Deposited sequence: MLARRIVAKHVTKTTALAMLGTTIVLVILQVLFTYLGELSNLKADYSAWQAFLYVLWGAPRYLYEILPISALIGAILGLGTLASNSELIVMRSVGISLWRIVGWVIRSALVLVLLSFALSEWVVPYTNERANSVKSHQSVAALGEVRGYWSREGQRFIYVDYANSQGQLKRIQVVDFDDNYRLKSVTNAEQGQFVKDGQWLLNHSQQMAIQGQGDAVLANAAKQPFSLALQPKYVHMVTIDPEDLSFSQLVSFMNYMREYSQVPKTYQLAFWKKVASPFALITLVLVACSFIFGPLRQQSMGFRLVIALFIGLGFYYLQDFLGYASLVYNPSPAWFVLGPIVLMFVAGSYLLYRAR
């Protein structure tokens, strides 16, 4: 079967893309209103429009889960209200096959979500921040049993006022070394000057020693764990895990990204099951209203359970994959009830 599949996929795809265009345009206009109250002498209305316009790919990335939900509601709602889903079942097309055709439309949004996350959002985020405001300072890091503090760190391999403190398995001091400038030449060693090193008293004009800081991840320190792309996040987590402990705010960000495609498909399946179930024979406006309540309910639930994973002992995987598994099970049950 191909003609039926194209009709169901194209109708839903145009509804998922049509909702995406509308939702991004509304969020750009709404964000611009909030950004219009921060104008000043050096930040004009045009400067505040580019900062919001450059943020559109990031608003786009966060709309795809809710535009796919509304898209499947409106895409299949048009088919359902026209009695087109009844005559697909009347010839032998199952409910799970019609859901599979809608998932094909959502798989375009999942691939679009990957492209924005990996290559588009991390770039326009850099451009957006440069529009408004126009290397990490006071960087505190731990490397196993050593605590390293650098006042100024640069992505090109420059340091200012380094301070490294060594400890034992019994937590006893060995050396508190301080420098004035530092340079990066190879992994696991940095060249530096004026090595005023304590010993449990010593000095050196120029000597390198071992430290695991790398300039590649310096620019990722200030970036929030949520904002980091998956390529940046996993590489950064692998770097921290090799020398220290990864914070739970990075574990949550990792799980909130690996479960992003699975929350888009699951939320589509819930939309399809509602069309065949509770939202059958309802008005198009009522389906859109309910599709907005599920979107907010899912956004609030994933926001709250994200925060709850940073305050409670269990791993963030339980809180992130919790609703996704339950909505899939509950959504697949509403499909079993036909």
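Can you list the gaps, numbered from 1 on the deposited sequence, where no C-alpha is modelled? Those parts of the chain that were deposited but carry no coordinates are 1 to 3, 138 to 144, 211 to 217, 356.
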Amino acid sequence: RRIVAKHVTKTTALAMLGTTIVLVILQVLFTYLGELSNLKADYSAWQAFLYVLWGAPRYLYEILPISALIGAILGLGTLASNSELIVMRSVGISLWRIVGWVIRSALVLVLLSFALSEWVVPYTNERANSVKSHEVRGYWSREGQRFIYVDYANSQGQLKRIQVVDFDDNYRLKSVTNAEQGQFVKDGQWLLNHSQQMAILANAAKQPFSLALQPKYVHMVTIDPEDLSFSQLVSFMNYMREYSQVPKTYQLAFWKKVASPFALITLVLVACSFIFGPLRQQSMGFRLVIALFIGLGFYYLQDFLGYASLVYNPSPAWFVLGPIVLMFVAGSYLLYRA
From here on, numbers count along this sequence of modelled residues.
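Between two forms, the rigid core is the largest collection of C-alphas that superpose within 1.5 Å.
Note to self: Comparing against the shown form in 4 other deposited structures of this protein, which stretch has the larger RMS C-alpha deviation after a rigid core superposition, 31 to 39 or 283 to 291?
What the structure shows: The answer is 31 to 39, which departs more from the shown form in 4 other deposited structures of this protein.
Counting only other entries that model residues on either side, is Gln207 absent from the coordinates in at least a third? Yes, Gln207 lacks coordinates in at least a third of the other compared entries.
query = Across the other PDB entries of this protein that were compared, is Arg241 absent from at least a third?
reply = Across the compared entries, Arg241 is modelled every time.
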